Protein chains: 2
Amino acid sequence: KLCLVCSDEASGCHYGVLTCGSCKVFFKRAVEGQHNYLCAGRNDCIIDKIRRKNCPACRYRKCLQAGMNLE
Amino acid sequence: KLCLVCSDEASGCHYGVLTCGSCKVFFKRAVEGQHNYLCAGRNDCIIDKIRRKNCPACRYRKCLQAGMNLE
DNA sequence: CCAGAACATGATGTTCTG
DNA sequence: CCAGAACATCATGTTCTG
Ligand SMILES: [Zn+2]
Ligand SMILES: [Zn+2]
Ligand SMILES: [Zn+2]
Ligand SMILES: [Zn+2]
């Protein structure tokens with residue numbers, strides 16, 4: 001049901017974790033990109049259906065803590 | 001000469017306030033649309049050149065605080 | 001059913017026009 | 001010099017393809 005990263009409706013088990021489609025592609029793009037992501041807060045942002053756009057640094061961190069992985 | 005919103009280099013006085021061009025068009029874009037932004041942190045995100053894209057809500061808030069208006 | 005590519009959509013920032 | 005439109009670009013999200 002619910003994406004474990006952003007709480008939007010999950011679409012299936014992606015990279016070892018139940019996530020939505022946007023989170024699946026975000027994760028792959030993050031790991032495979034150079035990307036210096038910087039939080040504007042305190043490295044603990046709320047990751048929502050909506051707020052997930054705000055902080056890629058916190059979203060990527062939440063992805064890892066959730067267990068996402070490229071095998 | 002510094003932008004009062006993000007501390008980047010100001011390009012002139014825009015909508016009543018010394019700002020860079022980035023913040024000038026952002027502000028105009030924000031005041032015109034139906035938007036309703038959400039902060040993922042604690043309504044005090046760091047808005048600088050690097051991080052200004054992270055939180056439109058906090059950025060808009062700094063625009064208003066600095067005194068920006070359509071006149 | 002899921003990975004990865006592709007195709008839209010966004011928001012953003014610099015250039016152009018009045 | 002400034003507002004507002006237009007243009008380029010990039011990050012994100014959905015659909016297509018393997
Ligand atoms: Zn998600
Ligand atoms: Zn964050
Ligand atoms: Zn600025
Ligand atoms: Zn914020």
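Proteins come first, then strands; the chains are lettered A, B, ... in the order of their sequence lines, and each starts at number 1.
Ring pair B:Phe27/B:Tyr60 is parallel by interplanar angle, where below 30° counts as parallel and above 60° as perpendicular.
Across all strands shown, B:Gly12 has heavy atoms under 4.0 Å from sugar-phosphate atoms exclusively, and none from any base. Note on A:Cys13: only backbone sugar-phosphate atoms sit closer than 4.0 angstrom, heavy atoms only; bases stay farther off.
The A:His14 side chain lies nearest to C:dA3 when the options are C:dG13, C:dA3, D:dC2. Comparing D:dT14, D:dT12, C:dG13 by their closest approach to the side chain of A:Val25 singles out D:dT14. When the nucleotides C:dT12, C:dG4, C:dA6 are ranked by their closest atom to the side chain of A:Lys28, C:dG4 comes out on top.
OP1 or OP2 of C:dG13 lies within a sub-4.0 Å distance of a side-chain N or O belonging to B:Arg59. Using a 4.0 Å cut-off, no side-chain N or O of B:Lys24 falls inside it from OP1 or OP2 of D:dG4. Listed pair A:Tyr37 / D:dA11 fails the phosphate criterion, with no side-chain N or O lying under 4.0 Å from OP1 or OP2. Put simply, B:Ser22 has a side-chain N or O that comes within less than 4.0 Å of OP1 or OP2 on C:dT14. Regarding contacts with the backbone of D:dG13, a side-chain N or O of A:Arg52 is found under 4.0 angstrom from either OP1 or OP2.
Atom NZ of A:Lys53 and atom P of D:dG13 are 5 Å apart (whole Å). Whole-Å rounding puts the B:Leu18 CG to D:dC1 P distance at 14 Å. Taking atom CE on A:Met68 and atom P on C:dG4, their separation rounds to 11 Å, with Å as the unit. The distance from atom CD1 of A:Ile47 to atom P of D:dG13 is 11 Å, rounded to the nearest whole Å. Atom OH of B:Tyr15 and atom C1' of D:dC1 are 14 Å apart (whole Å). We find that CZ of B:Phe27 is positioned 14 Å from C1' of D:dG4, with the value rounded to whole Å. When the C1' atom of C:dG13 is taken as reference, atom CZ of B:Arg51 falls 19 Å away, rounded to whole Å. Look at NZ on A:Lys49: it is 14 Å from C1' on D:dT14, rounded to the nearest Å.
Under 3.5 Å, the side chains of B:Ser22 and B:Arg59 contain no donor-acceptor pair of N or O atoms.
Using the Watson-Crick or G-U wobble rule with both distances under 3.5 Å, D:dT14 pairs with C:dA6.
Nearest-nucleotide positions on DNA chain D place B:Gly16 closer to the 5' end than the other of A:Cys23 and B:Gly16.
Nearest heavy-atom pair, B:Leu4 versus B:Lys62, reported as atom, atom and distance to 0.1 Å: O-CE, 4.4 Å. Residues A:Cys39 and A:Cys45 come closest through the heavy atom pair SG-SG, 3.7 Å.
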Return all side-chain donor-acceptor pairs below 3.5 angstrom for residues 63-71 of chain B, not counting sequence neighbours, or 'none' if the list is empty.
{"unit_1": "B:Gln65", "atom_1": "OE1", "unit_2": "B:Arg61", "atom_2": "NE", "d": "3.1"}
{"unit_1": "B:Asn69", "atom_1": "OD1", "unit_2": "B:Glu71", "atom_2": "N", "d": "3.1"}
{"unit_1": "B:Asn69", "atom_1": "ND2", "unit_2": "B:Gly67", "atom_2": "O", "d": "3.0"}

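A donor and an acceptor atom sit less than 3.5 Å apart, one in the side chain of B:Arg29 and one in the base of C:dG13.
The closest donor-acceptor contact from the side chain of B:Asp8 to the backbone of B:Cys23 lies at 3.5 Å or more, if one exists at all.
The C1'-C2'-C3'-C4' dihedral of C:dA8 is negative. Its furanose therefore counts as south.
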